[PDB]
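One chain comes next, on its own, written out as structure tokens in the form deposited in one PDB entry.
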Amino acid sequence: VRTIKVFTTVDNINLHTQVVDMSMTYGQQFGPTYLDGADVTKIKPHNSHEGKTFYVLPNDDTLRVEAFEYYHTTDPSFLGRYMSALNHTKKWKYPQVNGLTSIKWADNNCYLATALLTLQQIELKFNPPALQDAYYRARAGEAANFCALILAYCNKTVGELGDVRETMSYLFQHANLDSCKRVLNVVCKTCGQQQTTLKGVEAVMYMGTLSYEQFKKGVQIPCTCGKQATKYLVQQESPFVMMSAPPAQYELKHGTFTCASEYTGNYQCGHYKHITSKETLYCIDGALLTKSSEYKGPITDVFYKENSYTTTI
């Protein structure tokens, strides 16, 4: 019987040589099989498949350990969702706008492009080797495998609308933000004063205000005794801070922030645009670049740089 030899893997770095029967589909010999994202499960082997690398699912205990060491996940449907997203993201265009790698618009990838542009402006270190390698190639322009991993880690599908803030929280869980720490103090005239301390992902993000300076001076917050308490940032140890709020009209000044996310649309249905501060105020809409001196628009997320801050109160 005429046969061929292909390579099966779960991480593309540990290849396993397998012989294939050209009269049996890949689904009968290895189960769900993928070739560069293309589902070749119900396809009989071709002569052109000689020596190529095929993605398979972790069926034995050896591949389950190989998969976790690379992706840091035990989800059996991860590679299926990752290969499915890779089939679309490999056909996307990743131009270099303002020295950053963005995505030309396709299949409603506005939140993915806005997220990819933000990660290239913050100091973040991923723990899964899959994200580390893909991010290293995403900066050079090869962001197809990286964007597919983002959809897989977020349980999102190509064409599904997503939130930039929710995409960050999903990716920050796979980052090394353990050294980050935040100290907060909420003061109330009635019940009193109490200091809280946050660490990790919670010490980086905040929902309520877009101004980092107003976070230091204090922001009004409700209380159990029915009084508007004031919460101010006491101490912050992190390479960056993420300030989030519902999309409202906000003014961006030069040098006071790193990058911002613009959201125009209703809840669960809108358009995302990325705004960065460099030589002036730039606005990136996928492959579209727009320079401006000052900006004013519907802002939902603002990102700042930080080392170590301690308030003086």
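Numbers follow the displayed sequence, beginning with 1. Only the largest set of C-alpha atoms that superpose within 1.5 Å between the two forms is called the rigid core.
Although it is not shown, the form deposited in another entry is what the next lines describe.
- For the residue set 63, 245, 281, 43, core-aligned C-alpha shifts between this form and the one not shown reach 2 angstroms or more at a single site, 43.
- Put the two forms on the same core and the Cα of residue 223 is off by 2 Å or more between this form and the one not shown.
- When two forms of a protein are overlaid on their rigid core, residues whose CA moves 2 Å or more are considered shifted, and residue 192 is one of them between this form and the one not shown.
- In this overlay on the rigid core, residue 10 has a C-alpha that sits less than 2 Å away from its partner position between this form and the one not shown.
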